[PDB]
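Asks: Sharing an experimental structure here, sequence included.
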Amino acid sequence: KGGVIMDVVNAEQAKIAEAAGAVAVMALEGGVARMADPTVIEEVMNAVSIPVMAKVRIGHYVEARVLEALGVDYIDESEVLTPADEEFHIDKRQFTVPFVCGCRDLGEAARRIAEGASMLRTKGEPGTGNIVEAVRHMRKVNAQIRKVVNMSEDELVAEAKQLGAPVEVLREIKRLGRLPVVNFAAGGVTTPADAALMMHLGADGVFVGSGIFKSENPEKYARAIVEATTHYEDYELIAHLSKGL
Amino acid sequence: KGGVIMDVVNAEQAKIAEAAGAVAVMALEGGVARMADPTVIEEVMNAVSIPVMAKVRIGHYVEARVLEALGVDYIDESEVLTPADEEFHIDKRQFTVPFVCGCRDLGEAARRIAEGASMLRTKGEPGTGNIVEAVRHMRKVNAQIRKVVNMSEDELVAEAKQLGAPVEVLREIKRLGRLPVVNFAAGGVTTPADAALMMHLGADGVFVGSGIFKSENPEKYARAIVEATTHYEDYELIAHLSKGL
Amino acid sequence: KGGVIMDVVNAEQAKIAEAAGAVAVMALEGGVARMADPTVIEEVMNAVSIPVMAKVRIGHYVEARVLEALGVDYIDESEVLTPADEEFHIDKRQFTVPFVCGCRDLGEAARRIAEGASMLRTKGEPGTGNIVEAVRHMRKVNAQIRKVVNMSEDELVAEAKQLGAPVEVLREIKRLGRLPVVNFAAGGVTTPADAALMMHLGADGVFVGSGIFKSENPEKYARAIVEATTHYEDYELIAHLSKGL
Amino acid sequence: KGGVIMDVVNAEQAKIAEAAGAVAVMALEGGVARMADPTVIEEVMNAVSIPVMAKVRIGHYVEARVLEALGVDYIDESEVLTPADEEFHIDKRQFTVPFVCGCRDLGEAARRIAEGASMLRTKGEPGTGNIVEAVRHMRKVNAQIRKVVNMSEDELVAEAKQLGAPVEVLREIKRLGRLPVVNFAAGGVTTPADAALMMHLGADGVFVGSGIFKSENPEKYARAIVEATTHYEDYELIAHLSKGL
Amino acid sequence: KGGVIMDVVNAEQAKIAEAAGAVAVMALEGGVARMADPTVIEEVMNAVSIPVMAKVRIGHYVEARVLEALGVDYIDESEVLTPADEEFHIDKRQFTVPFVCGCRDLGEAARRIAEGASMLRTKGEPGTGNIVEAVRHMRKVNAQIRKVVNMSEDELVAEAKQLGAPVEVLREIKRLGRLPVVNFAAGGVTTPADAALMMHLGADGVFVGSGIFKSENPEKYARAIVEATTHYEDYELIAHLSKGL
């Protein structure tokens, strides 16, 4: 627990991610942002042994089935791609391949899960290098979990109504003490301190973007995030990793 | 199917109800309207072989355990009694005695079912002799059910959010082609034509009030309601039953 | 835990209360509602050995010193009397005699405690025989307590701000896992089931009003409430205590 | 310090007030409420040796000069009479006879003083037997005094602006630590505890109304107020005086 | 009392600050503004013997642990960095290293103290060379302190509510007659007169920014500010220190 998933655009970057100890890679391709070209997905697939993920536009059922047929390990039904369906998410229950979805609060989390999400992440604010929204979303979802875990049983139906959440998801949360799926922080995680902060806030792990490869030394920067995420209470070690970019 | 349940206040009324063909009786007592006196409930229980129901205030957990312990067959957690809890209904799952609840729409119905209701009824507008609200509720609920039954499966999570309904309950409705519990019309049902109309609109049956016994010949009037609810497409009989009160 | 406090207007009522097992009595006596005549309070003090409470107007510092000087065991700074100070409550920390105070939510509770309150009760809706408001307040305070006990420590300062609560009281709640004072349900508690219900919602006991003595047999009634409040999960007992009015 | 002034309507009542130790009497006469008939003022004047006051309508310059010519000791420019001038108070600086005026806050106090008031009182809420407004006004004026006494000197001009107060009055207040005139509580003071409460709140004394003579024993009731006002921290004695009406 | 803290970007500047008599240095280094590179902070720690401060993003718990682990003497949880958590500040009570925090009013100050802050400063308007905001905040905090010191004890609970302040911090202020921590002016302090002015408004000292080193003679300038801040009523001295820019 406490893994790092890393956005990669080619073979080279994928190998650097696996070598630095990333638990998975996310293969990436007002223009329209669609599912990545097959050859990009299969070029990344052939570079590593750790799980390969890729993105589809929200609601894009057939994009997902294409990714599934291509043999991806995981599908991000991604708000950062251009939504295909602004009202209905993919019925992920129908897929053999697992999905991760974004969320900002427990209502949203519960709905994605009712749709069949196998994994969750914060939406954060990608491309900004700013964790403030990632923090907001993890704070909100976790504070709401803590409320649910400890509230009177008979108050759950009303709670679900107010949250716009499926009540059976709340009941399962209360039974387990946590979400029935893992929840990673994502969006703006830049520094070793950022990465450890998400773990401190209750994240199960962390997604990071292409900023790692904007670096002088992607290897060392990737390593620093992986170690800071793993050893997230070693403030002495974290203080060290924050040096020299 | 096409059962009638009658409001009764003493043994004599309970016997008339039963002899007339009612499938159950409901025993009944700025004033606060609470649980009936145990002696009234036992008096009615002693009078008939058919099931006896009684009412508790909404959210009044203990009033419901009292009635459960007194051996009633069914509890109506009822909006006509002064509500005890304005925010939370009784967690009816924790009871061995079955409960009936009122609703006005599919969201409301699903929430009551999620709380553990074993039976539903329209809220209607009791005391007026006016079926207009009962018709509205039965129309609304059944129209929303027909919509759910036929809707695209991938659209039910969004639909559940819009209704404030637990999606699992919507998914069961779709699976069964109808509500998982019987839904009776209740409120204002006065004439043989009223009772038959509620059946025409899709009720599983009908609750009627004390008006029967304000009548000149309550036996005849009770039989009329029972016969019309059963033979609800028999207009020639319903016409006959309407003559002479 | 499971105490009943009874409102009494004279010695006779006070002895009935003590003998039925009350843990204390509230000595009582549209115009202005002020502190009772001392005579009435002295008459009650002499009748019984259990603690005796009386009421003062909100913010009426001198009324409180008068009751203290008379030797009452507890002061209710009471909102059912005509407030004397609409901005500032009594600085109860300056008193050797303990105060009980009304509340509706945790922020209100927390401020009363910070003024010196030693005991709390719901404000409820006195005089109505209706528990709906008492239920709302108990439900609200306890839900917020549950939330506070279980929330991140570093979120308590923000929470106190939002609630209008002193954060030290909130930190003390988290530390104990409940309020640092006892909290009785008050307002409208009428039947054995109501008294039991309040305890089910997590009250520490119940205040009850003069309705007991409007009864055909106040001793049987007073006792029934005492038994209900203490054996609040004894459903079969409660059911029996409901009969014989 | 800590005197009681008493409203009287005749010789008899005036003598009872002096005999009970009142420091002064106020001679009293949608109808129009004007200055009292001379013969009422002179009948009260001839009954006692302690100062006699009487009321004029706000802004009624000539009423005041009549009272002055009749030889009253003090003039209340009284909001309880029907105002003669809704924009301009009497220029009391022009009178040899001293005036008391009402107030609800420091701005108002300062303005009345700039007009030449020799004494102030709270407006309270006369005729209600309710001290809540008297409390509000004394609280407000005294809290504002405490603010002024201790604030940076250079912030006084802006403070005067915000309060709508003459700055030289604020400066004089800051110099003295208090108002340059006495300030009595008035309106609704009913019980010995009320009277002592005003003294506790920082009043210089107390006005009381015709309620004293609504009593079984005006003598004893008057005495009780006078003693409670004088000995306002003797909670033992006050507790005693609160008995037997 | 009369300390100057200086913002420095390197060792050279840090030694200039120490030698001119600074009581501490703030080590510093549109995109995201995060905690400085440790290298920069280590370089400053080695240059001087006076206490060294650095900044973290608001709510950035891990950044604060990193600076603690590096051995800085003080942490500024700083609003001029890009906030990491917009709801919850760092629980500074959990730290052995002391924090300074910005504020604009007493309620804000009081909440920071209740989170653990050991020192305060005005937020001011950094970067502008304009003291108007620093003046507003110092003026506001001190005016409210003065008011709180001198107000009725029993009015503090209401006051805390209105201010959004924890009442325990307000009671502690009244007890001491000032803040339980020191409070420096920060933002726009440019000239000797500004530095002196802040002290005149009742600051405990002054933070100053990088403008010192934009000077033709930073040593003379740094020293002039140190002398102005400490001898803040020495008008003739201050006037001389204004010449020779």
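Replies: Perfect, I can see it now. Numbers count the residues shown, from 1 in each chain, chains lettered A, B, ... in the order given.
Asks: Please make it C-alpha for all contacts and neighbour counts, starting now.
Replies: Will do.
Asks: Which residue is the nearest non-sequential neighbour of the residue lying farthest from the centre of chain A?
Replies: Going by CA atoms, centre = their mean, the residue of chain A most distant from its centre is residue A:154, 32.4 Å out. Excluding its sequence neighbours, the residue lying closest to residue A:154 (CA to CA, 6 or more residues apart in numbering or on different chains) is residue B:91, at 5.2 Å.
Asks: and the one you found, how many residues sit next to it?
Replies: 20 (other CA atoms under 10 Å in any protein chain shown).
Asks: so what's it up against?
Replies: A:154, B:61, B:115-116 (CA atoms under 8 Å, 6 or more residues apart in numbering or on different chains).
Asks: Residue numbers of chain A in contact with chain C?
Replies: Applying CA under 8 Å from any CA of the partner chain, we find that chain A lies next to chain C at A:143, A:146-147, A:150-152.
Asks: Please flag which of those sit within helices.
Replies: A:143, A:146-147, A:150 (DSSP state H).
Asks: and stretch A:99-113, does that touch chain B?
Replies: Yes. Contact between stretch A:99-113 and chain B, assessed by CA under 8 Å from any CA, occurs at residue A:111.
Asks: near chain E at all, that stretch?
Replies: No. Stretch A:99-113 does not reach chain E (CA under 8 Å from any CA); its nearest approach is 14.5 Å.
Asks: so how far does that stretch reach from one end to the other?
Replies: End-to-end distance of stretch A:99-113 (CA to CA, to the nearest Å): 10 Å.
Asks: Also stretch A:101-109?
Replies: 8 Å.
Asks: close enough to count as contact, residue A:77 and residue A:53?
Replies: No. Between residue A:77 and residue A:53 there is no contact under CA atoms under 8 Å: 10.7 Å.
Asks: still on that earlier bit, could you identify the most distant pair in the residues of chain A next to chain C?
Replies: Farthest apart among these by CA to CA are A:143 and A:152. That separation is 16.1 Å.
Asks: Just want to know which of these two has more residues nearby.
Replies: Using other CA under 10 Å as the criterion, residue A:143 and residue A:152 rank with residue A:143 on top: 20 against 14.
Asks: And for the more buried one, nearest residue in space, chain neighbours not counted?
Replies: residue C:151 (6.6 Å).
Asks: For the one you found, list the residues it contacts.
Replies: Counting by CA under 8 Å, 6+ apart, residue C:151 has contacts A:143, A:146-147.
Asks: how close does it get to residue C:192?
Replies: 35 Å.
Asks: Flag every residue of chain A that's near chain B.
Replies: A:87-91, A:111, A:114-115, A:154-155, A:157-158, A:161, A:164-168.
Asks: Going through those residues, which ones are buried?
Replies: A:88-91, A:111, A:114-115, A:154-155, A:157-158, A:161, A:164-168 (16 or more other CA atoms under 10 Å in any protein chain shown).
Asks: May I see the PyMOL selection of the buried members of the ones in helices among the residues of chain A next to chain C?
Replies: Entered in PyMOL, the line below selects the buried ones among those, by 16+ other CA under 10 Å:
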select buried, chain A and resi 143+146+147+150
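Asks: Which one of the ones in helices among the residues of chain A next to chain C is nearest to residue E:35?
Replies: residue A:143 (26.3 Å).
Asks: got a list of what the residue lying closest to residue A:129 once chain neighbours are set aside touches?
Replies: Of all residues not flanking residue A:129 in the chain, residue A:188 sits nearest, at 3.9 Å (CA to CA, 6+ apart). By CA under 8 Å, 6+ apart, the contact list for residue A:188 reads A:124-132, A:134, A:208-209.
Asks: do you know how far residue A:188 is from chain B?
Replies: Residue A:188 sits 30 Å away from chain B, taking CA to the nearest CA, to the nearest Å as the criterion.
Asks: Report the closest residue of chain A relative to chain C.
Replies: residue A:147 (5.3 Å; CA to the nearest CA).
Asks: you'd agree that residue is up against residue C:149?
Replies: No. Residue A:147 lies out of contact with residue C:149 (CA under 8 Å); the separation is 9.5 Å.
Asks: And the helices in chain A?
Replies: Under DSSP H, chain A gives helices at A:11-19, A:38-45, A:61-70, A:106-114, A:132-150, A:156-163, A:167-176, A:192-200, A:218-230, A:235-241.
Asks: The ones you listed: which one's closest to residue C:178?
Replies: helix A:132-150 (12.8 Å).
Asks: for the closest one, packing partners?
Replies: helix A:106-114, strand A:119-122, helix A:167-176, helix C:132-150 (3 or more CA pairs under 8 Å, 6 or more residues apart in numbering or on different chains; DSSP states H and E).
Asks: Buried residues of that helix, list them for me.
Replies: A:132-139, A:141-150.
Asks: now stretch A:189-206
Replies: Buried positions in stretch A:189-206, judged by neighbour count with 16+ other CA under 10 Å: A:189-199, A:201-206.
Asks: cool, stretch A:212-226 as well?
Replies: A:212-213, A:218-226.
Asks: which pair in those residues spans the largest distance?
Replies: Largest pairwise distance in the buried residues of stretch A:212-226, by CA to CA, is 14.5 Å, between A:213 and A:226.
Asks: Close to chain E: what parts of chain A are there?
Replies: A:128-132, A:135-136, A:193-194, A:196-197, A:235-236, A:238-240, A:242-244.
Asks: now with 7 Å?
Replies: Residues of chain A found near chain E (CA under 7 Å from any CA of the partner chain) are A:129-132, A:135-136, A:193, A:196-197, A:235-236, A:238-239, A:242-243.
Asks: Let me know the distance separating residue A:147 from residue C:59.
Replies: Distance from residue A:147 to residue C:59, by CA to CA: 36 Å.
Asks: What's the separation between the residue nearest the centre of chain A and residue D:202?
Replies: Among the residues of chain A, the one closest to the centroid is residue A:121, at 3.6 Å (CA atoms, centre = their mean). Look at residue A:121 and residue D:202: by CA to CA, they are 61 Å apart.
Asks: so who does residue A:27 touch?
Replies: A:7-9, A:41, A:44, A:52-54 (CA atoms under 7 Å, 6 or more residues apart in numbering or on different chains).
Asks: which of the residues you listed lies closest to residue A:23?
Replies: Nearest member of the contacts of residue A:27 to residue A:23, counting by CA to CA, is residue A:52, at 9.6 Å.
Asks: How many neighbouring residues does the closest one have?
Replies: Neighbour number of residue A:52 under other CA under 10 Å is 26.
Asks: That one touches residue A:75, doesn't it?
Replies: No. Contact criterion CA atoms under 7 Å: residue A:52 and residue A:75 do not qualify, at 9.0 Å.
Asks: hang on, the earlier thing: next up, the contacts around the residue nearest to the centre of chain A.
Replies: A:100-103, A:183-186.
Asks: Quick check: chain neighbours aside, which residue is closest to residue A:229?
Replies: Nearest non-adjacent residue to residue A:229, counting by CA to CA, 6+ apart: residue A:196, 5.0 Å away.
Asks: Quick check, that neighbour in contact with residue A:226.
Replies: No. Using CA under 7 Å, residue A:196 makes no contact with residue A:226, being 9.6 Å away.
Asks: Distance to residue C:173 for the contacts of residue B:91 - can I get that in JSON lines?
Replies: Listed next are the contacts of residue B:91 as JSON lines, based on distance: CA to CA, whole Å:
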{"residue": "A:154", "distance to residue C:173": "23"}
{"residue": "B:61", "distance to residue C:173": "27"}
{"residue": "B:115", "distance to residue C:173": "31"}
{"residue": "B:116", "distance to residue C:173": "33"}
